[PDB]
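Reviewing the structure listed below.
Only heavy atoms go into these numbers, but all of them, side chains included; no hydrogens, no water, no symmetry mates. When a residue number appears, it is its place in the shown sequence, counting from 1.
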Amino acid sequence: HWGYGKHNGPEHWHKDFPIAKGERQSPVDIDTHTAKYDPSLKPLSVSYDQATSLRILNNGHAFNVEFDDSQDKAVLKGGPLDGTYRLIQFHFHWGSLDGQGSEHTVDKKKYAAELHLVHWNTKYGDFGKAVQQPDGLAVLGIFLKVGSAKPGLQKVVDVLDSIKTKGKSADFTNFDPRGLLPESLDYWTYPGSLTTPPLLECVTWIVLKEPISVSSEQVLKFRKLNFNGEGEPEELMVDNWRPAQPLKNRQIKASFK
Ligand SMILES: NS(=O)(=O)c1ccc(C(=O)NCCCOCCCCOCCCNc2cccc3c2C(=O)N([C@@H]2CCC(=O)NC2=O)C3=O)cc1
Ligand SMILES: [Zn+2]
């Protein structure tokens, strides 16, 4: 099926998912000089103080920390969003070396990794119905650079040894996503898509300007994961990022002057 290699990677996805060549695909390069400050944007509200993580899973493309989204507990609102969006999962994209890994780029700059906190619009009842709507999803994207360690990430890092290969999953309760956020909530925002197949165009992207720093040891543990299942030839899970796509007729707004 689909993946990140020469024969099933991003340049091949359009064959099974022709939306891959659509009009609002993600990620994109963020040209910081053509993004315009929008004063009509309300402050962004990230309310994670009562998030309930459940499980961590290696799906063969990344690892997902999945949350209990059956009540309003961890919500994104404000900024470009109408109403309330509920956190369902987070995951990362990363490279084989620190010089690549992010999906969005900033004036063509690639970061070592990118965190995606995935939320669905509560007006649509749940995730499955939300991905049938052009405003069904909001993804909060956070860049990762290599430097000082991020303490709030270590609990994720230390569990990866238990989910090395595709299909493995583990209990993962009481993880606090607030420990993954940078100081500033300055952001860019634009309408786009899921960056993995089915590549559905239902996402309001909110990409934070300030990256978080993680240590080399932490990202190296990310790179010890496997794309393959147990008992198959080992393919290290690295470079699971889609390259930037045509902006076409879209405007990126800045939340800051
Ligand atoms: N990186 S990121 O952006 O943050 C990011 C990226 C991704 C995510 C994420 O959530 N991914 C998970 C994706 C969830 O979406 C799934 C939506 C699925 C929609 O339904 C598919 C239904 C398929 N059925 C069809 C459809 C059309 C035609 C046919 C059929 C079908 O069956 N047949 C026959 C029938 C019977 C049989 O017996 N044989 C056959 O052939 C057909 O003729 C989150 C964040
Ligand atoms: Zn993603």
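At most 12 heavy atoms of other shown residues, nucleotides or ligands fall within 6.0 angstrom of atom CD in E11. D176 CG: more than 12 foreign heavy atoms inside a 6.0 Å radius. Atom CG of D107 has more than 12 heavy atoms from other residues, nucleotides or ligands within 6.0 Å. Within a 6.0 Å sphere centred on CD of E234, other residues, nucleotides and ligands contribute more than 12 heavy atoms. Crowding of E230 atom CD: a count of heavy atoms from other residues, nucleotides or ligands under 6.0 Å not exceeding 12. Summarising the local packing, CG of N174 is surrounded by 12 or fewer heavy atoms from other residues, nucleotides or ligands at distances under 6.0 Å. Summarising the local packing, NZ of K73 is surrounded by more than 12 heavy atoms from other residues, nucleotides or ligands at distances under 6.0 Å. Within a 6.0 Å sphere centred on NZ of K145, heavy atoms belonging to other residues, nucleotides or ligands number 12 at most.
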Between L144 and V219, is a side chain to side chain contact (heavy atoms under 4.5 Å, CB included) present by the stated rule, with each step listed?
CA-CA 9 Å; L144 275 68; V219 71; over 6 Å; no
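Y4 and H12 have their aromatic ring centers separated by at least 6.0 angstrom. With ring centers used as reference points, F90 lies under 6.0 Å from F175. Annotation: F222 is in aromatic contact with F63 [ring centroid separation under 6.0 Å]. Between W2 and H7, the distance from one ring center to the other does not fall under 6.0 angstrom.
For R250 (side chain) and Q25 (main-chain N/O), a donor-acceptor pair under 3.5 Å exists by modelled atom type. The backbone N or O of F172 sits less than 3.5 Å from a side-chain atom of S53, completing a donor-acceptor pair.
In this model, no donor atom of one side chain and acceptor atom of the other lie less than 3.5 Å apart for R24 and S193. Side-chain contact of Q100 with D239: a donor-acceptor pair under 3.5 Å is present, judged by distance alone. Side-chain contact, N240 with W94: no donor N or O sits under 3.5 Å from an acceptor N or O.
Using a 4.0 Å cut-off between charged side-chain N and carboxylate O, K77 and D82 make no salt bridge.
Ring-plane geometry between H119 and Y48 is classed as parallel, the angle between the planes falling under 30 degrees on a 0 to 90 degree scale with a further cut at 60.
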